[PDB]
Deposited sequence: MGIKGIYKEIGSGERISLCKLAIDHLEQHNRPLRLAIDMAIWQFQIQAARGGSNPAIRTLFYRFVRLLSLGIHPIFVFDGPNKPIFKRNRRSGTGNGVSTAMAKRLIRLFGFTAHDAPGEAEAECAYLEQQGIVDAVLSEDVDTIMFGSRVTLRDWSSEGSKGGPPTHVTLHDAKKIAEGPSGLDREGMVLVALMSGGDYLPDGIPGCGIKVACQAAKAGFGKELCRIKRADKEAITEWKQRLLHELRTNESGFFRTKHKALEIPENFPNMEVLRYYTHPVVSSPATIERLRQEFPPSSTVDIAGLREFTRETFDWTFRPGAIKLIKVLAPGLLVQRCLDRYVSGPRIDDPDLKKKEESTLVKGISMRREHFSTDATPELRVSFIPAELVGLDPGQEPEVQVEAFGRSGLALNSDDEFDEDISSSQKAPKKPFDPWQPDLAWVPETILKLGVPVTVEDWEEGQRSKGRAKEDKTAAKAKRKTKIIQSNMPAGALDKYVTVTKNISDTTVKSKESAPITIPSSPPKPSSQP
């Protein structure tokens, strides 16, 4: 669920992470904060094959991507109300990211962080998060189009734009379409009533009128239900396309308790949100010797090769992350810039081509582990890094480069 929702609210805007991240960093003068439901991995991560722990491995590579976007993730886990939590939590930590346990459903807790200002956006499996208070929700972190390769884009959904848009659906309206047409907890709903007639009741306000009703008031329900049931068997207001005389409404319906599960979901306590306001983001500091230990054991990246490869794979990410904390000791991170580009894979975010020493940047020496065309972690390597990030961490190397081009 919700089956067929995107025909009503639109498919979302397909934008890249880079652009969302650098735009935010430009307007708000600090990195984008993202609550990531941990359910997105389950059925996207188990397609890698070979080696040791391919599921954990793609998680590893996506975390290195999150570093290179300069994004501050908080990773959210379902509570009591394939990829292993323990592992995963340990790797979230080695990367200097944050792991958060929801009291109840992760989707609900995410939306709640966003609406409390702990994060600026939710990245989820779908837009269920909108029924839960979400305003800016992402889905489908994935390669762009048929270009089969790097996962660079997400699909962005904007609750305020949807509610104003052709479908008019808002949080209270969708919730009504979930009750009748089916959701996670009540996959049935009103039998025989699907998305098209449910969206027609939502734009007739029936979703507002019910989310405003307490469950105690029993008198108010019947007036609402009898009213709704009457427009259904008659279509007196023209609320719908046709008339549904045989569309049976169950006695239980509406199930307020299931309704309340959306309108007042089990989310963290106020004290938890307070703790979060002060502890997130934390000191984003990647544990280098920790990742080394992890990768040797988890991925069988053993001895010098493994060390080399961990250096190559993590150095561009560590450069971005170092830039956003930070005579000319800018050189400790960047040796030079060679070129500029506004590539479509970032919706044309300006990038500069930075030269750097991988092994020096990471801090590992491969000669201190056993030795058993090639990549030399002491030669310069070259990454494309967003300009806006370079001007914050290495301002004078950008200026020098900028003067070189004028000349």
item: Non-modelled portions of the deposited polymer sequence, in sequence order; value: 1, 83-96, 342-354, 401-430, 466-530
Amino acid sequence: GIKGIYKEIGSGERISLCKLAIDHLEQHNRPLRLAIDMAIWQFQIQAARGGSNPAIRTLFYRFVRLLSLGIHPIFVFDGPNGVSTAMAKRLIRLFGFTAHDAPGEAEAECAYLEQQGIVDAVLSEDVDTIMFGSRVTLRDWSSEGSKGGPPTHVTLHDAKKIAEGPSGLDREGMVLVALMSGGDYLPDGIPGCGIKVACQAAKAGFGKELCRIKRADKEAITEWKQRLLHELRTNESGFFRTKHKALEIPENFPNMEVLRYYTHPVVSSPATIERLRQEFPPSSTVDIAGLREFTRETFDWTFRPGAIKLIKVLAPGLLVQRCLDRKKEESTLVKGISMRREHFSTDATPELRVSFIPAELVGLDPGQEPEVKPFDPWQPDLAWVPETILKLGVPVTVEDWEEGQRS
From here on, numbers count along this sequence of modelled residues.
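In this text, the rigid core denotes the largest set of C-alpha atoms whose superposition between the two forms falls within 1.5 Å.
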{"query": "Between 105-113 and 175-183, larger RMS Cα displacement in 4 other deposited structures of this protein after core fit", "finding": "175-183"}
{"query": "Larger mean CA deviation from the shown form in 4 other deposited structures of this protein [core fit; 232-240 vs 201-209]", "finding": "201-209"}
{"query": "Coordinates lacking for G145, a third or more of other entries", "finding": "yes"}
{"query": "Missing coords for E219 in a third or more of other PDB entries", "finding": "yes"}
{"query": "Stretch with the higher entry mean CA B-factor, where the candidates are 344-352 and 42-50", "finding": "42-50"}
{"query": "Greater mean Cα temperature factor according to the PDB record, 244-252 or 283-291", "finding": "244-252"}
{"query": "Most elevated Cα B-factor in the entry, residues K89, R139, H153, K225", "finding": "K225"}
{"query": "Candidate residues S146, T98, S269, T129, the one whose C-alpha B factor the record puts highest", "finding": "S146"}
{"query": "Third of the chain, ranked by Cα B-factor, where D170 sits", "finding": "middle"}
{"query": "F77 - Cα temperature factor, lowest/middle/highest third of chain", "finding": "lowest"}
{"query": "Cα B factor band for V320 (lowest, middle or highest third within the chain)", "finding": "middle"}
{"query": "Position of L382 among the chain's modelled residues by C-alpha B-factor, lowest, middle or highest third", "finding": "middle"}
{"query": "Assigned third (lowest, middle, highest) for the C-alpha B factor of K312", "finding": "middle"}
